[PDB]
């Protein structure tokens, strides 16, 4: 029976970083990663940014070069997926029926997009832009002359995808069910800014737009059936709504968790010797006042990968890192630190008209988050304020003429 000391399932950010972290902390056993995609670990943020826009090759988005994995003795079974697991037998079953045995297991499977077809079948070219493969198809379809795109969801991915699509000179309609874009991740100051910016770039942006399902001709997408129930014609649909954690096999095996899979501060699930990291793993977060949340970011994947590995190496260090995020749309470079969710005050810092400003978020008089559009100084210094839970007057924060670092006691 094929067996590894550590088996990593998923070869994305979590998986790759998990393997890197293992070796960097001196792990010497066999390390095997099983990833359902055919290519070596590559970065996902480019899929709605520089890669989709053909400013980077595939080589320049790879997490590590091919030779690195050879050097670090990281074995990889690509184009293979774990279909189930037996936590008792410490065993994993693959899509071809074969079984691999593990000492420790790291579940880094991320999530998958919602299926939104009117008649339930897969449609070209409906894209979540979550794989290199999918991005490549969208790119090919654009070359071949597809010109009417409908983006579903006003989250970061949706906006980014919309933005790069306008660079291709095609028609872009964005649909947001909520009263504003970014409603789940930022305040109204940011929303207004991005809505205004996108519209100025030719995007037909529609809020309170509730969608039913995606129409096709049996082979390809032709429109988006709304709930009202008009149809918007489309030859391209971008699905940018909440993903579903690829967690099924864990739940089936008895792992606890309502939203993905639950893990402690060492990224351990309720099943012995199995960890979960990245998009699929829910965790109690200090910057969310103890609530068990499921962050979907590179920072989070990186940091959970580290904690799982350190624990596996026998030198555990809790996952206590400060959450951060970024979004690149047009010439707008957003950098976010902390979690704004549940803020009671959002202080505008600078002038949105200059397209370089910050929003400082507070809760109960304490700084909890920053959104920084082309404002790296505020982002860098703001981290300290977020970590300090700094109690600074809004009247002080709002003065862009004073550096944030000067404000803390």
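Positions refer to the first chain, counted from 1.
- Note on 119-127 vs 330-338: mean CA B-factor is higher in 119-127.
- The question of which stretch, 295-303 or 251-259, has the higher mean Cα B factor is settled in favour of 251-259.
- The PDB entry assigns residue 195 a C-alpha temperature factor belonging to the lowest third of its chain's modelled residues.
- Among the modelled residues of the chain, residue 29 sits in the highest third by CA temperature factor in this PDB entry.
- In this PDB entry, residue 172 carries a Cα temperature factor that places it within the middle third of its chain's modelled residues.
- When the modelled residues of the chain are ordered by C-alpha B-factor, residue 220 sits in the highest third.
- Annotation for residue 281: C-alpha temperature factor in the middle third relative to the rest of the modelled chain, per the entry.
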